[PDB]
Amino acid sequence: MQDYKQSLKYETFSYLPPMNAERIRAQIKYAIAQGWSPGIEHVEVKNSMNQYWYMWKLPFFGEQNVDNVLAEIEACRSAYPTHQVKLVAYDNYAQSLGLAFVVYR
Amino acid sequence: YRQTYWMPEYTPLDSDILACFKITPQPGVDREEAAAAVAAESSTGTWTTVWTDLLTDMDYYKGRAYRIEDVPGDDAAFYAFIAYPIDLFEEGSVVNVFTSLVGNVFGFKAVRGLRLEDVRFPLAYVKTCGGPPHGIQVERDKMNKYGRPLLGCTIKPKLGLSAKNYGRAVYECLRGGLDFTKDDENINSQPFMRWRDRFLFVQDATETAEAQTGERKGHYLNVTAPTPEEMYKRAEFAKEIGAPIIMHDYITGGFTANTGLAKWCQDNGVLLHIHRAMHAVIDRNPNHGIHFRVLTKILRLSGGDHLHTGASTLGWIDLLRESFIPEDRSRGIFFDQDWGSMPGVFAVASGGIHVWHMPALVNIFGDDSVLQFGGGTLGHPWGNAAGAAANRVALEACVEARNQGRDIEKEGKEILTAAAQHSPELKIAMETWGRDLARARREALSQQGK
Amino acid sequence: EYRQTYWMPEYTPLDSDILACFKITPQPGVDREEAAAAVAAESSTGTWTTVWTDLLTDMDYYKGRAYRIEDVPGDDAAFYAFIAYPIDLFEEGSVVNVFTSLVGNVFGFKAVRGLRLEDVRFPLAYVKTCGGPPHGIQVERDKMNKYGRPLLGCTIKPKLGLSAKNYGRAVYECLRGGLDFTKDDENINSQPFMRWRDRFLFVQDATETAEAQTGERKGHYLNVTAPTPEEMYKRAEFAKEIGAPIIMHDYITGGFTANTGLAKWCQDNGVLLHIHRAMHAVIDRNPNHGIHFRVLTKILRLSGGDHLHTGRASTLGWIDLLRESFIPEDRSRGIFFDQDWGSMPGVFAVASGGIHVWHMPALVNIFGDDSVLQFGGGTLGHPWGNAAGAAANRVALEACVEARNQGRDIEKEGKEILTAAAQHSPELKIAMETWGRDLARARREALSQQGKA
Amino acid sequence: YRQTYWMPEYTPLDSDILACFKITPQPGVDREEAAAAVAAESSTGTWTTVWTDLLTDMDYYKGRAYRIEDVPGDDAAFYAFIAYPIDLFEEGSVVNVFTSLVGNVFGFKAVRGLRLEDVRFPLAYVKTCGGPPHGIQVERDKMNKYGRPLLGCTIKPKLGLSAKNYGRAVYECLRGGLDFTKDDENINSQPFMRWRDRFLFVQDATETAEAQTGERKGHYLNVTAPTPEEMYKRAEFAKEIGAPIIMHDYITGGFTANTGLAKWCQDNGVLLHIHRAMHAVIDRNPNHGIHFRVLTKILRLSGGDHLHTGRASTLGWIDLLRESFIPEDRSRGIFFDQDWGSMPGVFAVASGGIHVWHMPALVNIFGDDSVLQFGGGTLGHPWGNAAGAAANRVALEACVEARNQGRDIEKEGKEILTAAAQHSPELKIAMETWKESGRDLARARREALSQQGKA
Amino acid sequence: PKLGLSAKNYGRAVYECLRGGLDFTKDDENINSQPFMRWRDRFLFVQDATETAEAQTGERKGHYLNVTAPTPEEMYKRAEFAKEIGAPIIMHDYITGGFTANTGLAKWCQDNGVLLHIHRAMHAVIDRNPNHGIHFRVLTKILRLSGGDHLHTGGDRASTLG
């Protein structure tokens with residue numbers, strides 16, 4: 001038997017190894033392909049359970065350039081290097097997030 | 001019967017309830033007398049006419065058999081389509097619609113077997129029912145969970161566990177990465193585990209595991225009870241102690257009780273997981289009974305936020321989850337079902353699934369589902385937390401694959417083995433064992449109406 | 001595999017155990033001991049698996065276990081499994097939990113072709129935890145002041161389309177004619193054409209007017225079946241607020257939780273409770289897959305009602321189950337365990353469904369005094385009105401009872417008795433033109449002198 | 001009386017309530033007729049058979065004497081065994097069972113003395129009563145306490161102490177190592193210490209000692225009251241303020257009140273400590289009255305989480321209080337098998353003039369599932385309530401560590417305590433201060449019935 | 001948009017507004033309890049937004065939660081829940097809800113320390129034609145007596161200042 005090692009988590013994909021730049025990209029490509037509008041959020045580590053993170057800029061509506069998003073993710077991580085950073089994909093039909101996940105813990 | 005109740009030229013009204021009955025008649029019966037008999041026996045109860053009938057508009061107050069179809073196969077069975085004016089029923093009462101359709105006709109001597117396949121609930125009647133207390137999208141917002149199916153574990157043994165030992169198994173599961181744990185259908189308030197003590201320790205387990213994972217955690221505390229007063233008392237105590245979700249056995253506890261619990265849940269912001277205990281008594285015999293898709297529509301009107309849903313299968317999952325479900329005989333869906341804005345219900349998969357089923361389950365059910373692992377979690381050789389992590393890793397890697405474009409069911413073993421190179425818990429675990437249609441309709445209607 | 005843990009042919013049931021009898025039709029590959037064992041596990045501790053959490057508990061106490069197998073007379077495909085459950089597996093006073101536990105999982109078991117719950121043995125120690133009938137036969141008779149005959153009812157038709165006041169007019173005419181009760185149909189709740197509060201006012205008005213004009217207590221089964229417990233109780237309270245003696249509930253379609261609660265409310269408030277078995281044929285018709293009505297009979301007695309509709313051999317089997325204090329085993333009638341009720345009272349058997357004056361001799365001869373005889377068209381369909389049909393039935397019931405009391409064979413002598421009464425009754429004469437306890441008492445005597453012996 | 005109420009061939013049914021009366025008859029009466037009289041006087045009490053009897057089933061609705069035995073070592077007295085059908089009583093009412101059995105017959109002039117020794121409550125009647133609000137195992141889980149008897153102190157003087165000073169004694173005790181402190185049975189709401197003020201300061205003390213020790217603390221706040229409304233008001237305030245445990249005097253407050261309070265304790269998660277004040281009025285005289293083991297059973301059914309249990313008879317009623325099944329055993333005054341089923345058991349409480357030197361015999365007689373309550377044995381310590389509490393707590397643990405090691409802790413008493421003082425100055429000073437299977441049977445039978453059933 | 005926002009997306013706009021520097025946000029007069037945003041869900045996520053922006057600005061924040069409702073039972077239920085969750089201010093459409101509901105709501109609000117923002121929805125059906133109806137200064141006096149802590153007041157300047 002091996003002993004399970006407990007640590008904090010951050011919802012979807014956080015039981016997987018972190019994401020480089022390539023695996024992030026396939027997630028933004030999925031979202032744009034589902035018609036969802038990508039958005040970027042950040043908040044201090046101790047507040048990641050908050051319902052409302054700080055919004056970086058606005059959602060990228062109608063945006064179809066993965067590299068445009070990827071760069072803004074990088075731009076947010078530079079503005080707040082200690083904050084967590086999250087990627088969300090707004091679904092307008094369901095009034096839900098088709099996807100969300102943390103890119104920098 | 002046929003004189004009054006067989007109305008082949010009648011085109012149903014958008015406000016009528018419609019029922020599709022699969023009739024298996026005795027050898028010497030004409031199909032139209034049987035269809036008219038089932039319309040009459042499920043609406044007026046009789047074929048005759050006594051003097052009190054003539055005090056009423058007999059032409060309006062009756063069910064109409066308005067079409068008969070063949071069954072591919074059983075040449076001794078036919079589909080009978082029946083219309084019921086919306087005015088035969090009390091509003092806001094699945095109990096009264098249900099009683100009226102199935103309370104009497106199923107003992108009809110003149111058929112060898114009667115099977116209720118589907119029921120068209122008109123949008124004018126849907127709007128009188130309370131519906132899900134929250135529904136898929138509100139629940140994801142409350143629990144802050146997007147992008148994946150949710151994970152759950154039914155605690156076992158159903159029997160013999162103290163409240164505190166029971167809480168232990170809950171804690172070890174929730175801290176492992178599962179979103180929910182679940183009281184069993186039969187767990188109510190037994191001598192070995194009184195409900196108040198269980199609720200307290202489960203909630204302790206839930207808050208300890210939540211604080212150690214930073215993910216919101218739930219456990220479906222079963223409030224199925226001997227009386228409505230006990231049911232409500234148990235639901236109230238879960239709210240008082242902070243529990244986010246409760247459970248009810250909607251068929252065995254009953255439709256009157258469940259409709260009431262659903263409305264209390266919406267009034268109180270408590271999520272409501274529904275168990276379909278005993279559905280199989282009713283829905284398994286293909287020649288006599290009520291099909292589980294009827295039971296599925298009943299529950300969405302009555303009220304649930306989750307529902308256990310086990311071709312036909314993917315039909316009733318759409319019915320449970322989407323805003324509009326078009327008729328599709330290849331899935332046993334005999335009528336268009338419009339739900340309007342009434343929210344959809346999480347589809348719950350359970351029964352003997354483990355990590356190897358993960359790629360298919362993500363593939364079949366999609367994101368808006370709860371996947372409940374009984375022994376698939378507890379039975380892990382390294383304990384409950386390790387098996388929860390294994391199931392959570394498998395689920396998340398199957399979802400990352402699907403998003404990346406891969407055929408998860410065919411590349412299943414490959415997806416799993418690759419992610420197990422980063423998770424010992426997963427690798428050892430392997431060794432041990434509709435929407436687009438509904439939205440296409442909304443856009444089309446938004447532009448030109450009819 | 002289940003056999004090793006759940007098949008215990010050496011077990012003799014404790015007297016405190018819940019026993020069940022399933023008719024199992026196994027799939028062709030599976031042998032009887034393993035089918036019985038799976039049924040027993042899937043209806044108690046729903047797995048064959050041993051996980052670590054099980055070792056935290058006494059797995060030997062906390063299980064159902066199959067303890068006997070039997071052939072089914074004249075059916076090789078099927079067999080009986082008799083299964084015992086420790087009283088501790090169930091919440092007390094909760095037929096909802098014993099029901100769920102017994103029938104809420106096992107019926108989907110794919111290794112069986114057909115599963116049918118035939119009988120359930122409720123031990124005296126569990127019966128004493130349930131409320132039972134709010135009154136029962138003898139108390140209801142006292143409250144209503146009716147002895148020496150079956151009670152008489154009529155169900156108002158049409159079930160649809162009548163306003164509250166028009167409905168009360170058919171009720172008034174029936175009651176003033178000599179019927180003890182009238183009846184809301186199962187589907188009568190609160191539909192747009194007859195809102196429930198209006199129906200209750202006019203029915204009660206008809207009830208008081210007919211009682212004044214006859215000098216005999218009258219009632220009408222007011223249906224409180226409702227979308228929610230709140231609506232159910234509100235309707236029940238109003239029927240008490242206005243003075244109605246009896247209400248009515250659809251215990252299966254409203255549900256076991258609501259019904260137990262209603263029965264409790266009734267006993268606390270002095271209102272009789274007439275029980276309708278709507279939907280039951282969905283469950284108990286198919287003799288290979290479902291729950292036999294005699295099981296549904298026992299759950300109602302425990303949940304609570306003062307009347308239950310009961311509908312050859314099995315039928316009077318479950319009537320005895322419904323009314324008598326003790327019912328011994330009898331496979332000729334489908335009774336697979338002795339059922340001891342103790343002091344929990346019996347419930348009126350209600351006969352309905354396409355019956356008229358001519359069925360009276362057989363009905364009195366079969367159901368006896370402690371029954372209600374419900375007449376649909378058999379009262380509404382009379383050619384002089386409801387009052388005359390009510391009178392015709394009342395006269396023909398009473399003639400059969402006087403004839404029975406006198407030693408006659410009312411079934412063999414049916415035509416003569418009704419004709420001889422037809423002479424003094426124009427209503428009955430034209431209506432003729434248009435259309436067990438000994439055992440329970442013996443066992444109580446013997447147990448009084450000898451006790452356990 | 002004899003011809004209708006003496007039934008020597010009747011075998012009791014399992015649903016029957018059984019009683020054992022020790023009868024000391026007057027010189028000129030035979031044993032048959034006296035048994036039949038006690039049965040009649042405790043069930044139908046008929047002095048003249050009248051016409052209304054003939055409206056009923058007289059053979060069923062009556063107590064019946066069915067056996068008589070000698071009292072070993074007493075030729076003047078005999079045992080009468082009586083069966084009562086379960087229908088004679090209201091379900092879930094020890095009030096009704098008690099009143100029926102003992103409400104009329106003890107005044108029977110034709111007997112010199114009458115003593116109710118034991119009552120067989122059949123399972124089918126046990127299932128109608130609420131039982132302990134929690135019971136030993138639930139309570140241990142709620143208080144997170146395992147592997148040792150629990151330890152309490154009863155605050156003295158019973159009289160004269162302000163609410164705040166009373167909380168001070170409580171605080172000093174709890175912080176030194178006791179789990180529980182206790183209101184005296186007389187402490188209700190007197191002028192010198194109103195109950196609301198007592199509850200507030202005790203809770204303050206409870207929380208302060210709990211924070212300073214890291215172990216859950218409790219204090220049995222006595223809610224014995226003039227009226228049910230006052231009783232329930234006091235219980236509600238203890239819950240409101242966070243108090244884990246309350247106390248009732250179930251005999252003097254009475255069974256109706258106690259039964260309702262136990263129902264309320266289960267519904268509200270409050271533990272319930274039961275004091276047996278007045279029992280010696282009823283149960284001391286071996287010839288006339290009600291034996292304490294009956295009063296033990298009545299309390300388990302009525303409801304309590306602890307019960308004061310105060311030789312062979314003593315060990316007998318502890319079993320009746322704690323275990324799931326207790327076999328007949330005349331040597332320990334147990335006259336019938338008593339099956340409790342799943343009805344939980346109750347902590348037995350030992351109090352009354354005990355100090356550290358009793359600790360080995362107490363751990364050994366009572367075992368783990370017991371509370372050891374020290375009155376003056378904690379407060380009388382020359383260093384205060386905290387040191388006295390610590391001494392008792394060290395002595396308790398060392399006796400438990402000795403016994404778990406296999407030692408004959410009662411024989412090796414003065415040695416285990418002496419090796420313990422070598423690390424606790426507080427236990428040493430206290431030693432110069434003052435001078436000097438029931439479980440296994442119950443398990444054996446549940447396993448037996450689990451494999452074989454009726455066998 | 002007044003229409004089509006879920007409770008949570010609605011709260012997001014409130015949070016981003018409040019943290020900007022605004023003291024209050026506001027339900028629209030048409031926002032009651034519509035199917036795309038049930039009132040209880042809205043109140044919870046608004047109050048979350050409110051507290052989160054308040055904590056990040058160190059300035060007291062409010063959102064006029066709209067308790068306009070089909071019956072006075074519903075109005076009072078929604079008002080109490082706002083107090084129950086801590087919201088400092090609610091909102092009522094005094095003319096379309098009505099003066100009986102509003103005077104009662106004003107009285108409840110004073111008994112409970114909850115501020116009351118008033119919306120003059122429908123006033124122009126009544127007060128626009130200069131030859132028939134009721135001038136708005138009349139509706140202004142009514143509201144003050146009925147009760148409100150805020151009222152929407154805007155014309156030709158002279159009357160408006162009046």
# chains A, B, ... in the order shown; residues from 1 in each chain; ligands from 1
>>> closest_atom_pairs(of="range 16-50 of chain B", to="range 63-73 of chain B", cutoff="9 Å", atoms="only C-alpha atoms", output="JSON lines")
{"residue": "B:22", "atom": "CA", "partner": "B:71", "partner_atom": "CA", "distance": 8.3}
{"residue": "B:31", "atom": "CA", "partner": "B:68", "partner_atom": "CA", "distance": 7.7}
{"residue": "B:32", "atom": "CA", "partner": "B:68", "partner_atom": "CA", "distance": 7.5}
{"residue": "B:35", "atom": "CA", "partner": "B:65", "partner_atom": "CA", "distance": 5.8}
{"residue": "B:36", "atom": "CA", "partner": "B:65", "partner_atom": "CA", "distance": 5.5}
{"residue": "B:37", "atom": "CA", "partner": "B:65", "partner_atom": "CA", "distance": 8.6}
{"residue": "B:38", "atom": "CA", "partner": "B:65", "partner_atom": "CA", "distance": 7.9}
{"residue": "B:39", "atom": "CA", "partner": "B:63", "partner_atom": "CA", "distance": 5.1}
{"residue": "B:40", "atom": "CA", "partner": "B:63", "partner_atom": "CA", "distance": 6.2}
{"residue": "B:41", "atom": "CA", "partner": "B:63", "partner_atom": "CA", "distance": 8.9}
{"residue": "B:42", "atom": "CA", "partner": "B:63", "partner_atom": "CA", "distance": 7.3}
{"residue": "B:43", "atom": "CA", "partner": "B:63", "partner_atom": "CA", "distance": 5.4}
{"residue": "B:44", "atom": "CA", "partner": "B:63", "partner_atom": "CA", "distance": 7.6}
>>> interface_residues(of="chain A", to="chain E", cutoff="9 Å", atoms="only C-alpha atoms", output="PyMOL selection string")
chain A and resi 50-55+95-96
>>> write_last_selection(atoms="N, CA and C atoms", output="CSV table (one decimal), in the first residue's frame")
chain,number,residue,atom,x,y,z
A,50,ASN,N,-13.4,31.9,-3.9
A,50,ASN,CA,-14.4,33.0,-4.2
A,50,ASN,C,-15.1,32.7,-5.5
A,51,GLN,N,-16.4,33.0,-5.5
A,51,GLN,CA,-17.2,32.9,-6.7
A,51,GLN,C,-16.7,33.9,-7.8
A,52,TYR,N,-16.2,35.1,-7.3
A,52,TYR,CA,-15.9,36.2,-8.2
A,52,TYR,C,-14.4,36.5,-8.1
A,53,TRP,N,-13.6,36.0,-9.1
A,53,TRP,CA,-12.2,36.4,-9.3
A,53,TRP,C,-12.1,37.8,-9.9
A,54,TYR,N,-11.0,38.4,-9.8
A,54,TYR,CA,-10.7,39.6,-10.6
A,54,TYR,C,-10.7,39.2,-12.1
A,55,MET,N,-11.5,39.9,-12.9
A,55,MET,CA,-11.5,39.7,-14.3
A,55,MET,C,-10.4,40.4,-15.0
A,95,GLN,N,-26.1,29.7,-20.5
A,95,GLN,CA,-25.8,30.6,-19.4
A,95,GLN,C,-24.9,30.0,-18.4
A,96,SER,N,-23.9,29.3,-18.9
A,96,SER,CA,-22.9,28.6,-18.0
A,96,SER,C,-21.5,28.7,-18.6
>>> residues_around(residues="residue 315 in chain B", least_positions_apart="4", cutoff="7 Å", atoms="only C-alpha atoms", output="number ranges by chain")
B: 311, 319, 331, 333
>>> write_last_selection(atoms="C-alpha atoms", output="tab-separated table (two decimals), in the first residue's frame")
chain	number	residue	atom	x	y	z
B	311	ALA	CA	-30.55	3.95	-27.53
B	319	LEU	CA	-35.67	14.31	-22.19
B	331	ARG	CA	-35.05	6.13	-29.48
B	333	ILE	CA	-39.42	9.06	-28.29
>>> residues_around(residues="residue 80 in chain A", least_positions_apart="2", cutoff="12 Å", atoms="only C-alpha atoms", output="mmCIF file with N, CA and C atoms, in the first residue's frame")
data_model
loop_
_atom_site.group_PDB
_atom_site.id
_atom_site.type_symbol
_atom_site.label_atom_id
_atom_site.label_comp_id
_atom_site.auth_asym_id
_atom_site.auth_seq_id
_atom_site.Cartn_x
_atom_site.Cartn_y
_atom_site.Cartn_z
ATOM 1 N N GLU A 41 -9.220 35.055 -15.702
ATOM 2 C CA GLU A 41 -9.462 35.493 -14.338
ATOM 3 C C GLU A 41 -8.270 35.161 -13.454
ATOM 4 N N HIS A 42 -8.151 35.931 -12.368
ATOM 5 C CA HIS A 42 -7.032 35.834 -11.442
ATOM 6 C C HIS A 42 -7.463 36.295 -10.055
ATOM 7 N N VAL A 43 -6.865 35.678 -9.033
ATOM 8 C CA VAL A 43 -7.183 35.995 -7.646
ATOM 9 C C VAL A 43 -6.073 35.447 -6.764
ATOM 10 N N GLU A 44 -5.836 36.122 -5.639
ATOM 11 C CA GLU A 44 -4.872 35.647 -4.659
ATOM 12 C C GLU A 44 -5.159 34.196 -4.264
ATOM 13 N N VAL A 45 -4.078 33.453 -3.992
ATOM 14 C CA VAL A 45 -4.167 32.016 -3.720
ATOM 15 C C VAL A 45 -5.167 31.719 -2.603
ATOM 16 N N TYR A 54 -10.951 38.369 -9.821
ATOM 17 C CA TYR A 54 -10.711 39.563 -10.616
ATOM 18 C C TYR A 54 -10.731 39.184 -12.092
ATOM 19 N N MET A 55 -11.507 39.920 -12.874
ATOM 20 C CA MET A 55 -11.530 39.702 -14.308
ATOM 21 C C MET A 55 -10.370 40.426 -14.984
ATOM 22 N N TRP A 56 -9.617 39.700 -15.806
ATOM 23 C CA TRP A 56 -8.604 40.317 -16.657
ATOM 24 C C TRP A 56 -9.262 40.764 -17.958
ATOM 25 N N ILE A 73 -3.263 35.494 -21.458
ATOM 26 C CA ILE A 73 -2.942 34.677 -20.288
ATOM 27 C C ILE A 73 -1.555 35.029 -19.766
ATOM 28 N N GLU A 74 -0.553 34.995 -20.659
ATOM 29 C CA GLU A 74 0.796 35.428 -20.300
ATOM 30 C C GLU A 74 0.802 36.856 -19.754
ATOM 31 N N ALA A 75 0.070 37.765 -20.399
ATOM 32 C CA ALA A 75 0.020 39.146 -19.926
ATOM 33 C C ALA A 75 -0.588 39.252 -18.520
ATOM 34 N N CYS A 76 -1.630 38.462 -18.222
ATOM 35 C CA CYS A 76 -2.186 38.492 -16.868
ATOM 36 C C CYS A 76 -1.204 37.912 -15.854
ATOM 37 N N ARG A 77 -0.591 36.771 -16.178
ATOM 38 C CA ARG A 77 0.381 36.174 -15.262
ATOM 39 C C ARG A 77 1.533 37.133 -14.960
ATOM 40 N N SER A 78 1.895 37.994 -15.921
ATOM 41 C CA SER A 78 2.934 38.991 -15.670
ATOM 42 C C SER A 78 2.427 40.110 -14.761
ATOM 43 N N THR A 82 2.011 36.395 -8.520
ATOM 44 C CA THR A 82 1.660 35.579 -7.364
ATOM 45 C C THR A 82 0.221 35.094 -7.387
ATOM 46 N N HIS A 83 -0.623 35.671 -8.235
ATOM 47 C CA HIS A 83 -2.023 35.283 -8.268
ATOM 48 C C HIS A 83 -2.182 33.982 -9.042
ATOM 49 N N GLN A 84 -3.209 33.213 -8.688
ATOM 50 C CA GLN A 84 -3.651 32.160 -9.588
ATOM 51 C C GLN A 84 -4.282 32.777 -10.824
ATOM 52 N N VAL A 85 -4.294 32.012 -11.917
ATOM 53 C CA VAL A 85 -4.821 32.475 -13.198
ATOM 54 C C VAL A 85 -5.686 31.369 -13.776
ATOM 55 N N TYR A 104 -2.195 28.798 -13.962
ATOM 56 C CA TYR A 104 -1.086 28.993 -13.029
ATOM 57 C C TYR A 104 -1.608 28.940 -11.599
ATOM 58 N N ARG A 105 -1.126 27.970 -10.816
ATOM 59 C CA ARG A 105 -1.496 27.873 -9.405
ATOM 60 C C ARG A 105 -0.580 28.731 -8.509
#
>>> residues_around(residues="range 67-69 of chain E", least_positions_apart="2", cutoff="12 Å", atoms="only C-alpha atoms", output="ChimeraX atom specification")
/E:26-34,38-40,42-43,63-65,71-83,89-99,101-102,105-106,109,116-119,121
>>> atom_distance(atom1="CA of residue 81 in chain C", atom2="CA of residue 120 in chain C")
12.0 Å
>>> residues_around(residues="range 310-314 of chain D", least_positions_apart="6", cutoff="12 Å", atoms="only C-alpha atoms", output="PyMOL selection string")
chain D and resi 117-118+275-277+279-280+291-294+296+320-321+329-335+348-354+362+365-366+370-373
>>> atom_distance(atom1="CA of residue 325 in chain C", atom2="CA of residue 337 in chain C")
14.1 Å
>>> atom_distance(atom1="CA of residue 52 in chain C", atom2="CA of residue 162 in chain B")
15.0 Å
>>> select_by_dssp(residues="range 124-203 of chain C", states="alpha helix (DSSP H)", output="ChimeraX atom specification")
/C:124-127,137-144,164-176,196-203
>>> write_last_selection(atoms="N, CA and C atoms", output="short mmCIF file (atom, residue, chain, number, x, y, z; two decimals), in the first residue's frame")
data_model
loop_
_atom_site.label_atom_id
_atom_site.label_comp_id
_atom_site.auth_asym_id
_atom_site.auth_seq_id
_atom_site.Cartn_x
_atom_site.Cartn_y
_atom_site.Cartn_z
N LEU C 124 -44.55 -9.29 14.92
CA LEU C 124 -45.34 -8.52 15.88
C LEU C 124 -44.56 -7.32 16.41
N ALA C 125 -43.27 -7.50 16.67
CA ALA C 125 -42.45 -6.41 17.18
C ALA C 125 -42.27 -5.28 16.18
N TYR C 126 -42.43 -5.53 14.88
CA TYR C 126 -42.41 -4.41 13.94
C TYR C 126 -43.80 -3.83 13.70
N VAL C 127 -44.84 -4.67 13.72
CA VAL C 127 -46.21 -4.19 13.60
C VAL C 127 -46.52 -3.16 14.69
N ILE C 137 -62.35 -1.34 11.78
CA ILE C 137 -63.75 -1.71 11.53
C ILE C 137 -64.62 -1.37 12.73
N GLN C 138 -64.30 -1.94 13.89
CA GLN C 138 -65.22 -1.85 15.01
C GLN C 138 -65.36 -0.43 15.54
N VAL C 139 -64.28 0.36 15.49
CA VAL C 139 -64.37 1.74 15.94
C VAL C 139 -65.19 2.57 14.95
N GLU C 140 -64.95 2.38 13.65
CA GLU C 140 -65.72 3.09 12.65
C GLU C 140 -67.21 2.79 12.80
N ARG C 141 -67.55 1.52 13.04
CA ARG C 141 -68.95 1.13 13.19
C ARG C 141 -69.60 1.87 14.35
N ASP C 142 -68.89 1.94 15.49
CA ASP C 142 -69.37 2.70 16.64
C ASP C 142 -69.60 4.16 16.28
N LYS C 143 -68.61 4.81 15.67
CA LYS C 143 -68.73 6.23 15.33
C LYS C 143 -69.91 6.47 14.39
N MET C 144 -70.12 5.57 13.42
CA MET C 144 -71.16 5.74 12.41
C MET C 144 -72.50 5.16 12.82
N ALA C 164 -69.11 21.66 -8.93
CA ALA C 164 -69.27 21.32 -7.52
C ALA C 164 -70.74 21.08 -7.16
N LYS C 165 -71.63 22.02 -7.52
CA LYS C 165 -73.01 21.93 -7.06
C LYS C 165 -73.77 20.82 -7.77
N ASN C 166 -73.56 20.68 -9.08
CA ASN C 166 -74.17 19.55 -9.79
C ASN C 166 -73.74 18.23 -9.17
N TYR C 167 -72.46 18.12 -8.81
CA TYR C 167 -71.92 16.91 -8.18
C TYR C 167 -72.63 16.61 -6.86
N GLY C 168 -72.70 17.61 -5.97
CA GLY C 168 -73.44 17.44 -4.73
C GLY C 168 -74.89 17.03 -4.93
N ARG C 169 -75.48 17.36 -6.09
CA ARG C 169 -76.86 16.93 -6.34
C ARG C 169 -76.94 15.43 -6.58
N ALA C 170 -75.99 14.86 -7.33
CA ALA C 170 -75.96 13.40 -7.45
C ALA C 170 -75.63 12.75 -6.12
N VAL C 171 -74.82 13.42 -5.29
CA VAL C 171 -74.50 12.87 -3.98
C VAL C 171 -75.75 12.85 -3.10
N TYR C 172 -76.45 13.99 -3.02
CA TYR C 172 -77.67 14.08 -2.22
C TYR C 172 -78.67 13.01 -2.61
N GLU C 173 -78.95 12.88 -3.90
CA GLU C 173 -79.95 11.91 -4.33
C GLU C 173 -79.57 10.50 -3.91
N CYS C 174 -78.30 10.12 -4.09
CA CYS C 174 -77.85 8.79 -3.67
C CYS C 174 -78.03 8.59 -2.18
N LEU C 175 -77.53 9.53 -1.38
CA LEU C 175 -77.49 9.32 0.06
C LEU C 175 -78.90 9.21 0.64
N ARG C 176 -79.79 10.14 0.25
CA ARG C 176 -81.18 10.12 0.74
C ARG C 176 -81.91 8.84 0.34
N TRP C 196 -61.49 21.98 -5.47
CA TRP C 196 -61.72 21.05 -4.36
C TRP C 196 -62.55 21.70 -3.24
N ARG C 197 -62.27 22.96 -2.88
CA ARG C 197 -62.99 23.58 -1.78
C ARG C 197 -64.49 23.69 -2.06
N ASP C 198 -64.85 24.02 -3.31
CA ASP C 198 -66.26 24.08 -3.70
C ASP C 198 -66.92 22.71 -3.64
N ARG C 199 -66.23 21.68 -4.13
CA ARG C 199 -66.76 20.33 -4.03
C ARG C 199 -67.01 19.94 -2.57
N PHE C 200 -66.10 20.31 -1.66
CA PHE C 200 -66.26 19.89 -0.27
C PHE C 200 -67.49 20.55 0.36
N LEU C 201 -67.72 21.84 0.07
CA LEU C 201 -68.87 22.56 0.63
C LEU C 201 -70.20 21.94 0.18
N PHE C 202 -70.33 21.65 -1.11
CA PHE C 202 -71.61 21.17 -1.63
C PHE C 202 -71.85 19.71 -1.30
N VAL C 203 -70.79 18.90 -1.28
CA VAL C 203 -70.93 17.50 -0.88
C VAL C 203 -71.38 17.43 0.57
#
>>> residues_around(residues="residue 295 in chain B", least_positions_apart="5", cutoff="9 Å", atoms="only C-alpha atoms", output="PyMOL selection string")
chain B and resi 251+276+279+283+290+300
